[PDB]
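Enquirer: here are the coordinates; sequence isn't available:
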DNA sequence: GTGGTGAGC
DNA sequence: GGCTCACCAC
Ligand SMILES: Nc1ncnc2c1ncn2[C@H]1C[C@H](O)[C@@H](COP(=O)(O)OP(=O)(O)OP(=O)(O)O)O1
Ligand SMILES: [Ca+2]
Ligand SMILES: [Ca+2]
């Protein structure tokens, strides 16, 4: 009291696209798109945001627009089953390649749920394509990178944002933003701003108490506040508010430029953000103040298994290692180690060396048992700041096809599928160039296949480039050769009908 | 060198 | 239930 809890160092740190995730005064934001594949379709067919449109594949649903969710339809339903829940459902099948053609297409009006035995899309001579969804994913991304200097791509429909710089700059140099009638930020934060340029301060001096006037700063979106704590008490709250503001803008552009609704979570931790974004859907924005982190993590919807990269199996074990009750398990980890990370550290040691398990089926690395420590201890409190980072360069790319029926008998059929693969792969190589804005070419190509008896033939080798920058053809040129040798490699053995053909590319070069 | 199979879109 | 992708014991 009598002075803010955060120091200048922690504030100024928001302007560093490298040491920003530390401050705790951080302001990260996660954004996921609602019923994505459902939407990009809901958009492509000029339908409305409120039409029970579902995205199907063969006989299974893979995306359910929220309009059609109101009828109880979910992912664990089959087009057939779903229609009995809502006869006005608008099922739309993804685009697909046809055995033999080097281009995918949209067979609208067609689908297994169609009576006409001619408007069917057999899974025998067709392969689902996801370019459309990738094509859109990037757009949204481009729209992001234009509003945020540091953007991490979580997955095809998710992205994290480091609203550090934008918040700091707004908090210091924005002479436009208005709080209400006649009251701009330039007057409400005069004290903090005048002090900033003054430089008269030690980077360790606790910032001044937030000006009484700033409390009239409104948050944008639902502020998780069950206990009803005050909205703006310290700076981290002020920065977060400014974030929600900015964040709303970004999310509005997407909706206007592409027309995609999204859920969004704001907090000082990517992890905590990941949760908040999924807390409410669709088209909403949850906000978890640092002084609500515990109230949020214990609202009664999360567990130690709901934590990204900790809910597959390592999470399962964690329970069998710390007893971890089957409910209020997160809080339990907090109230059992109110010491520090160091405490739980040893507990891990004196819980592994004995007669409980074997280092043959445990994802818990003994030596680095200090990491797993601080991790759980931090997560439990909602303070595990992970720096945003780019996904490591791709190592490979597979264009498979689990064949069925007696389709694949001759080599002209394999060749017929190799064209397809060659297309899809010459479609993910381009999307990669655009992402790293660097030219990419695969120096090696292999072709695997499963015979009738389910055996495995595979030939791998280099790819000759008769020029300097092609692919879509020379890839099939070689691909074929292999598919031939293998054919000869099994003339009088269990071969056709094949049960799985597939082309893979590795040994990439990023010039 | 991988197929087994855990993780995730 | 489907389709892709990174690893790493046997
Ligand atoms: N079981 C599955 N089968 C096929 N595709 C899936 C499956 N699970 C996820 N996907 C992929 C295809 C979808 O376009 C994409 C959607 O992103 P996801 O994060 O799963 O949520 P969603 O967009 O379907 O709904 P939400 O609004 O809850 O985010 O995930
Ligand atoms: Ca989603
Ligand atoms: Ca997702």
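Expert: Sure thing, it's come through. Residues are numbered from 1 along each chain as shown, chains lettered A, B, ... in the order given. Ligands and ions are numbered 1, 2, ... in the order given.
Enquirer: distance of the residue of chain A found nearest DNA strand B from residue A:305?
Expert: Relative to DNA strand B, the nearest point of chain A is residue A:312 (2.0 Å; C-beta to the nearest atom of the strand). For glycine as for every other residue, the C-beta is placed from the backbone atoms N, C-alpha and C. Using C-beta to C-beta, to the nearest Å, we find residue A:312 at a distance of 9 Å from residue A:305.
Enquirer: the more surrounded of those two?
Expert: For residue A:312 and residue A:305, the more surrounded residue by other C-beta atoms under 10 Å is residue A:305, and the numbers stand at 17 against 10.
Enquirer: correct me, but that one touches residue A:316?
Expert: Yes. Using C-beta atoms under 8 Å, residue A:305 is in contact with residue A:316, at 7.3 Å.
Enquirer: The longest helix seen in chain A: what's the following helix or strand?
Expert: Counting by DSSP state H, the longest helix found in chain A is helix A:235-253. The helix or strand immediately downstream of helix A:235-253 is strand A:262-267, counting by DSSP states H and E.
Enquirer: Next, the angle helix A:235-253 makes with that following strand.
Expert: If you take axes from the mean of the first three to the mean of the last three C-alpha atoms, to 10 degrees, strand A:262-267 sits at 170 degrees to helix A:235-253.
Enquirer: got the angle for the very next helix or strand once past strand A:262-267 vs strand A:262-267?
Expert: Proceeding N to C from strand A:262-267, the next assigned helix or strand is helix A:270-279, under DSSP H and E. For helix A:270-279 against strand A:262-267, the angle by the same axes, to 10 degrees is 140 degrees.
Enquirer: For the closest residue to residue A:71 other than its chain neighbours, grab phi and psi.
Expert: Of all residues not flanking residue A:71 in the chain, residue A:86 sits nearest, at 3.7 Å (C-beta to C-beta, 6 or more residues apart in numbering). Main-chain dihedrals, residue A:86, degrees, to the nearest 10: phi -170, psi 90.
Enquirer: in terms of contact, does residue A:86 touch residue A:54 like I think?
Expert: No. Contact between residue A:86 and residue A:54 fails when scored by C-beta under 8 Å: they sit 9.1 Å apart.
Enquirer: Which one of those two is surrounded by more residues?
Expert: It is residue A:54, of residue A:86 and residue A:54, that has more neighbours when counted by other C-beta under 10 Å, with 30 against 17.
Enquirer: Pull the distance from the helix or strand encompassing the more buried one to the chain's centre.
Expert: Element membership for residue A:54 (DSSP H and E) is strand A:53-57. Offset of strand A:53-57 from its chain centre (C-alpha atoms, centre = their mean, to the nearest Å): 21 Å.
Enquirer: hmm, who's touching that strand?
Expert: Strand A:53-57 is contacted from outside by A:35, A:37-38, A:41-42, A:45, A:47, A:61-65, A:67-68, A:73, A:79, A:82, A:89-94, A:111-113, A:128, using C-beta atoms under 8 Å, 6 or more residues apart in numbering.
Enquirer: Mind checking which of those are buried?
Expert: If you count burial by 16 or more other C-beta atoms under 10 Å, the buried members of the contacts of strand A:53-57 come out as A:35, A:37-38, A:41-42, A:47, A:61, A:63-65, A:67-68, A:73, A:79, A:82, A:89-94, A:111-113, A:128.
Enquirer: what packs against the longest helix of chain A?
Expert: strand A:28-33, helix A:131-145, helix A:164-173, strand A:262-267, strand A:284-287 (3 or more C-beta pairs under 8 Å, 6 or more residues apart in numbering; DSSP states H and E).
Enquirer: The host helix or strand of residue A:477 close to DNA strand C?
Expert: Assessed by DSSP H and E, residue A:477 sits inside helix A:474-488. No. Helix A:474-488 is not in contact with DNA strand C by C-beta under 7 Å from any atom of the strand; minimum separation 14.9 Å.
Enquirer: May I have the beta-bridge partners of the spatially closest residue to residue A:276 that is not a sequence neighbour?
Expert: Spatial nearest neighbour of residue A:276, excluding adjacent residues (C-beta to C-beta, 6+ apart): residue A:265 at 2.7 Å. Counting by DSSP bridges, residue A:265 forms beta bridges with residue A:30, residue A:286.
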